[PDB]
Every structure is written in structure tokens, then in C-alpha cells.
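Single-structure report; data block below.
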Amino acid sequence: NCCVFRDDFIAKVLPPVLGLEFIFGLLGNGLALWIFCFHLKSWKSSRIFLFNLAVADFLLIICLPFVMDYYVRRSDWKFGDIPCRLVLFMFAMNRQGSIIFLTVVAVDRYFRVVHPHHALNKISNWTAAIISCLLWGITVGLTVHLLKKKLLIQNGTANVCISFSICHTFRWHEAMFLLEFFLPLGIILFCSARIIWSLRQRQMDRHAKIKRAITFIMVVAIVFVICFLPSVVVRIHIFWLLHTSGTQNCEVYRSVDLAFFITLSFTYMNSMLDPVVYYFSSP
Ligand SMILES: C[C@@]1(c2ccccc2)OC(C(=O)O)=CC1=O
């Protein structure tokens with residue numbers, strides 16, 4: 001009897017917003033994959049990591065119509081009782097996989113400006129594919145547990161495919177939702193701080209085009225914070241009522257859960273702005 005409910009205001013927000021993001025997501029990341037496969041004449045180590053970033057976003061954009069149909073049925077999973085776990089495993093894997101390949105690019109850019117002579121900058125394509133394959137391995141390590149757990153809680157006659165329910169339990173999925181964001185913020189922000197400082201200490205900033213390069217190092221951090229921070233702060237807010245003054249009354253959870261469910265739409269926006277900021281902007 002965990003806190004699960006639905007409202008009508010979200011039905012006037014999510015179906016238009018989620019559908020609109022799907023149009024931009026498919027045209028953006030779909031076109032980006034076209035250039036990588038048939039227009040990139042030299043596949044270096046740096047472009048390999050960026051390619052995986054587009055694959056993760058595309059695997060999430062293709063699943064946007066399925067989750068969109070969930071709301072239009074008044075929050076009812078009409079079909080796919082077993083695919084409910086599948087359609088949710090493909091969502092957390094894409095979200096976490098995008099973050100992992102988002103920090104790697106930031107880490108890769110850090111080693112090219114602060115340690116120009118390091119041997120890591122000259123790794124061959126294969127070595128950049130063995131590392132990339134191992135990164136995909138750890139993505140499913142923290143996500144395949146969705147299949148083991150049972151899902152589709154029945155509210156009498158309705159079906160809801162939700163794993164972010166506001167119920168007082170030490171769930172690994174909820175805890176991993178907080179580690180997937182705080183830890184990269186301690187690496188992405190730190191790496192982007194030295195890149196925007198080493199390029200300034202050595203006076204390379206002035207009288208060069210590199211001003212644009214410094215600008216887009218901060219743009220990446222801005223997009224990451226805007227897309228993921230609001231979802232986290234409303235998740236921690238739920239934990240406050242869950243730990244103290246909660247677990248009994250479901251009315252206090254109504255406001256936060258509705259905000260959390262809507263704020264989750266911020267996450268599928270980083271999969272739309274990534275081709276605009278990462279690939280297309282760069283020459
Ligand atoms: C909205 C939702 C979803 C996913 C697939 C099918 C229905 C609903 O997306 C997530 C997620 O982004 O991880 C958790 C969900 O409950």
C-alpha cells in the first residue's frame with residue numbers, strides 16, 4: 001500500500017512536453033549518428049566516446065513513444081506486463097549510460113589540456129573500444145536488478161509501471177539515483193574548472209579562437225546541472241518526509257511525488273540538447 005496516485009495536471013503537461021522532446025530527440029541524435037557512420041573519415045579515440053553518447057541517447061529517444069502512451073491512458077500500462085520491466089530497464093540503463101559517457105568526455109578533455117604530454121591522449125582506437133565496452137558492462141551491473149524485482153503494482157484494476165514510488169525502504173534504485181549525480185558533479189565540475197584555468201594561466205585564452213572552446217566547456221556543465229539537479233533535489237526532499245514525519249499519511253507525499261514525476265522530464269532533455277551542444281557545435 002505504498003503511495004501511488006495520479007493527477008490531471010500532469011496529463012496536461014507530460015504528453016505535450018514528452019512528445020515535443022521526442023521530435024527534437026529523433027531529429028537531433030538521429031542526424032548525429034548519420035554523420036558518424038558515413039561522414040566521419042577518421043575515427044580517433046575522442047570521437048569513439050562521443051559516438052557512445054549518441055547511442056545511449058538514441059536508445060532512450062526511441063523508447064519515448066512507449067512511455068508517452070502510458071500517460072495518455074490516464075496512467076495505465078494497458079499492454080506489456082512483462083515488457084514493463086523491459087521498458088524500464090532500457091530507461092535506467094540509457095540514463096546511467098549517458099552519465100557515464102558524459103563524465104568520460106569531460107575526463108578525456110581534462111587530460112588533453114592539463115597533461116598534454118600524457119600517454120593517455122595517444123591511445124589507439126581499439127584501446128578506446130575495449131574501455132568503452134567495459135563502461136557499457138558496468139552500466140548494466142547497476143541496472144539489471146530491475147528484471148529480478150517484480151513490477152506492475154495493481155491498483156485494483158489499473159496498472160502502473162513505476163519504480164520510483166514514495167515508499168520508506170532502503171532501495172538500491174533510489175540510492176543509485178543519488179550517486180549517479182553527486183559523484184559525477186565531483187569530477188565533471190572539477191575537470192572543467194582546470195580546463196578553464198589552464199587555458200587562462202598559459203595566456204592561450206586571448207587572441208585566439210579558443211575562446212569559443214572555453215565557452216562550450218562551461219555550457220556542458222550548465223546543461224548537466226540544469227537537466228539533472230532539479231530531479232535530485234526533489235528526490236532528497238521525499239527522503240526527508242520518508243525518514244521523519246511520514247510513512248503513514250499519503251497526503252504529504254502528493255505534492256512532492258507529482259513534482260518528482262514531472263521533474264523527471266528534465267532528464268530526457270539532456271538527451272535532446274546533447275547533439276546541439278556536443279557534436280553539431282564543434283567543427
Ligand atoms: C516515467 C518512467 C517510465 C519509463 C518507461 C515506461 C513508463 C514510465 O521513466 C522512468 C525513468 O526515466 O527511469 C521511470 C518511470 O516510471
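Each chain in the C-alpha cells gets a letter, A, B and so on, in the order shown; residues start at 1 in every chain, and ligands are counted from 1 in the order they appear.
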
Please build the interface table for chain A against ligand 1 with a cut-off of 9 Å, listing for each qualifying residue the nearest atom pair and the distance in Å to one decimal; count only C-alpha atoms and all ligand atoms, order rows by chain and increasing number, and write it as CSV.
```
residue,atom,partner,partner_atom_place_in_ligand_line,distance
A:60,CA,ligand 1,12 (O),8.8
A:63,CA,ligand 1,5 (C),7.5
A:64,CA,ligand 1,5 (C),7.9
A:66,CA,ligand 1,6 (C),6.4
A:67,CA,ligand 1,6 (C),4.2
A:68,CA,ligand 1,7 (C),7.6
A:69,CA,ligand 1,7 (C),8.4
A:70,CA,ligand 1,7 (C),6.0
A:71,CA,ligand 1,7 (C),8.4
A:77,CA,ligand 1,7 (C),7.8
A:84,CA,ligand 1,6 (C),6.7
A:85,CA,ligand 1,5 (C),8.5
A:86,CA,ligand 1,5 (C),8.5
A:87,CA,ligand 1,5 (C),5.1
A:88,CA,ligand 1,5 (C),4.7
A:89,CA,ligand 1,13 (O),7.9
A:90,CA,ligand 1,5 (C),8.0
A:91,CA,ligand 1,13 (O),4.8
A:92,CA,ligand 1,13 (O),4.7
A:93,CA,ligand 1,13 (O),8.4
A:94,CA,ligand 1,13 (O),8.6
A:95,CA,ligand 1,13 (O),7.2
A:160,CA,ligand 1,7 (C),8.0
A:161,CA,ligand 1,7 (C),5.6
A:162,CA,ligand 1,16 (O),4.1
A:163,CA,ligand 1,16 (O),5.9
A:164,CA,ligand 1,16 (O),6.4
A:165,CA,ligand 1,16 (O),8.7
A:261,CA,ligand 1,1 (C),7.0
A:262,CA,ligand 1,1 (C),8.8
A:264,CA,ligand 1,12 (O),6.5
A:265,CA,ligand 1,12 (O),7.7
A:267,CA,ligand 1,12 (O),7.3
A:268,CA,ligand 1,12 (O),7.6
```

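Taking the backbone of this structure through DSSP, the residues of segment 59-243 of chain A that come out as strand (DSSP E) are residues 153, 154, 155, 158, 159 and 160 of chain A.
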
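Take atom CA of residue 16 of chain A and atom CA of residue 270 of chain A: the distance between them is 17.3 Å.
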
**Study point:** Within 12 Å of residue 23 of chain A using only C-alpha atoms, minus same-chain residues under 2 positions, as a PyMOL selection string
**Key:** chain A and resi 16-21+25-30+58+61-62+64-65+268-269+271-272

**Study point:** Pick from A:167, A:193, A:276, A:10 nearest to residue 239 of chain A, counting only C-alpha atoms
**Key:**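 Of the candidates, the smallest distance to residue 239 of chain A is held by A:167.
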
Check your understanding: Neighbours of residue 105 of chain A within 8 Å (only C-alpha atoms; same-chain residues fewer than 6 positions away dropped), as a PyMOL selection string?
Key -> chain A and resi 46+49-50

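The shortest atom-to-atom distance to residue 213 of chain A, with only C-alpha atoms taken into account, belongs to A:195 out of A:56, A:138, A:131, A:195.
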
Point to revise | Top pick for closest residue to residue 45 of chain A, considering A:169, A:2, A:76, A:127 and counting only C-alpha atoms | key: A:127

Residues at most 9 Å from segment 252-255 of chain A, counting only C-alpha atoms, excluding those fewer than 3 positions away in the same chain, as a PDB file with C-alpha atoms, in the first residue's frame?
```pdb
ATOM      1  CA  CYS A   3       1.989   5.930  -2.017  1.00  0.00           C
ATOM      2  CA  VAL A   4       0.881   5.694  -5.661  1.00  0.00           C
ATOM      3  CA  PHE A   5      -1.504   8.114  -7.304  1.00  0.00           C
ATOM      4  CA  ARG A   6      -2.188  10.205 -10.397  1.00  0.00           C
ATOM      5  CA  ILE A 166       7.431   7.042  -2.447  1.00  0.00           C
ATOM      6  CA  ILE A 238      10.939  12.998  -0.405  1.00  0.00           C
ATOM      7  CA  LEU A 241       9.442  13.124   4.831  1.00  0.00           C
ATOM      8  CA  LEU A 242      10.253   9.425   4.409  1.00  0.00           C
ATOM      9  CA  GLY A 246       5.886  10.224   7.049  1.00  0.00           C
ATOM     10  CA  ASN A 249      -0.012   9.827   5.691  1.00  0.00           C
ATOM     11  CA  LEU A 258       3.746  14.872  -8.578  1.00  0.00           C
ATOM     12  CA  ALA A 259       6.661  17.316  -8.755  1.00  0.00           C
ATOM     13  CA  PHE A 260       9.187  14.460  -8.893  1.00  0.00           C
TER      14      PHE A 260
END
```

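Note that atom CA of residue 39 of chain A and atom CA of residue 208 of chain A are 27.9 Å apart.
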
Practice item. Identify, with DSSP run on backbone atoms, the residues in segment 173-252 of chain A assigned to helix (DSSP H, G or I), and express the list as a ChimeraX atom specification. Key: /A:173-201,210-243,252

**Study point:** Residue contacts of segment 216-229 of chain A (12 Å, only C-alpha atoms) excluding same-chain residues fewer than 6 positions away, as JSON, numbers by chain
**Key:** {"A": [95, 96, 98, 99, 102, 103, 105, 106, 107, 109, 110, 113, 177, 178, 180, 181, 182, 184, 185, 186, 187, 188, 189, 190, 191, 192, 193, 194, 195, 196, 197, 199, 210, 235, 236, 260, 263, 264, 265, 266, 267, 268, 269, 270, 271, 272, 273, 274, 275, 276, 277, 278, 279, 280, 281, 282]}

Check your understanding: How many Å lie between atom CA of residue 172 of chain A and atom CA of residue 157 of chain A, rounded to one decimal?
Key ->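 Pair atom CA of residue 172 of chain A / atom CA of residue 157 of chain A returns 28.3 Å.
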